Structure formats: structure tokens, C-alpha cells
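What follows is one chain in C-alpha cells, specifically the form deposited in one PDB entry.
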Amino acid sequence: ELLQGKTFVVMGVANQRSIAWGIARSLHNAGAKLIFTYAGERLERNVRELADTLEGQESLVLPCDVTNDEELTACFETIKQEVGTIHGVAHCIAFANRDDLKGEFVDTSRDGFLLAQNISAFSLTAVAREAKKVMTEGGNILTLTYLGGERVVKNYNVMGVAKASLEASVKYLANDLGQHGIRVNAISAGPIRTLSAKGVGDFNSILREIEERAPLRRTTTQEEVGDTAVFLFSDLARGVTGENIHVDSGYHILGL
């Protein structure tokens, strides 16, 4: 099977609905070994719990608050020490202050802006810099992004700008790391019911809109994202780097 005997770091499991958890399962289903990380103590339990559901042999679960330089750096030392070699990292982390995800992007504070950039965009680069030390056989680094990073999506505001910065980081990191045998890609996922969609929008109204209008006439699932993540980490995706695959039932192609 595609990922037999390879080991991957998964970052961003918060709960059962986490896109990261879809990715975890698809990779596990494809025969991967998994390392999870989680942000801060309010979660160790929900991630270990999930990790444990997976058939057989304990997955490492590590703390990694990506705003913290030394725990990020320690996280990957542990990985260097526990396992030696990984074959990729799935970066599934985003955060902005909730107040910034409503009315007028022009009103966002510089602290708001830089917090979003720091956690939603710069973290990929920080992670990629540690990941590099421990991917001596090469492989793929993946991030998740969203269409609001390319075109304007109401209320996505500062996150849109931080997705744009994320997608551009993908390209430049692809240009740095290719020579070291490492391919960097994104998945642009369609809107999905997650911890991170608990907010506003009348989210239901937007899913309904995807259902009526997306080419595939349905909304996307965390398993659809995770199967495209299996492709990207697999050998099938060798010649693919610097790319953004939309797993969104085709919505991204529409105009009016």
C-alpha cells in the first residue's frame, strides 16, 4: 500500500471533525505511521484518545505550540530522537482573533494581523525548517488553505490575507527544498463543519450554496481532503511541488 513503512507528522488535530483527523485516518489507512502534535494542554487528552483508536502501536503525541520557538525546536528533536527519520509533515493550523472575522478588513489591528500571519502563515516555514533536519530521505510537506486566500470571501478578512501569505510561502519553500529532495504543496479545501467553522456566516447557507452550485453538487469531506493528502505524500506525487490542489468539489472554478 501507498504509504507502507513511512512516518508522518500530523499537526492540528483538535477533535473528531478536524480536517487533520481525516488526514490522519487516510494516511493510517494507507499504511503510514503517525506522530501527532497538539497546541497547549487543553487537548493532550482529546488527541491521545483519537490516536488510540488507530489499529495498533501507540502513536507519539507531542506538544507543539507553533508560536513558541523552543518547543517547536524541541518537538522535532524528540522526533529526531524517538524516530530518526520522517517522510513528511501535514501542517493543519490556522488562527486569528475571532473579532477580526467579521465587519470590514480595514479595521483589523496590527496585533490582530501579525498574530494571524504568525500562526496561520509563518508556522509553515518554522515547521519546514525543523522538518528539513529529519527528512533525510526527502518527502512532502503539506498545508491546508482556503479559497479566501485567492479571492475575497465575506468575513474571512485577516485570514484571507494570511492564507495568501501561506500559499506564497508554499511556492518559495518549494523552491528552497526541492534540491533537498523535499516537495511542498497545499490542499485548498472546500468549506467543512469543523471547530474552525464555529463562528458566524450562516455557515449552513454557504454549504447549501456549495450543494446547489458546485460542479459535484455536494460539499467536501475531511476524508476527500485526506485521500488527496495520501496522493501528495505518496510516490505518485513525485513530480508535484509548489502546487495547490483544490479539494472543493470544483467550486473554485465558478464565476457569477
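Start at 1 and count along the sequence shown; that's the residue number. Between two forms, the rigid core is the largest collection of C-alphas that superpose within 1.5 Å. Residues that one form lacks are left out of the comparison.
One more form of this protein should be noted, the form deposited in another entry, which is absent from this view; the next part is about it.
- With the core held fixed by superposition, the comparison between the shown form and the other one singles out 193 as the only member of 48, 208, 217, 193 whose CA moves by at least 2 angstroms.
- Panel note: the distance between the CA atoms of residue 196 and residue 121 is larger in that other deposited form than in this form, the difference being 3 Å or more.
- Panel note: the distance between the CA atoms of residue 200 and residue 205 is smaller in that other deposited form than in this form, the difference being 3 Å or more.
- Once the rigid core is aligned, the segment that moves between the shown form and the other one, defined as three or more consecutive common residues whose C-alpha shifts all reach 2 Å, runs 193-201 and is the only one.
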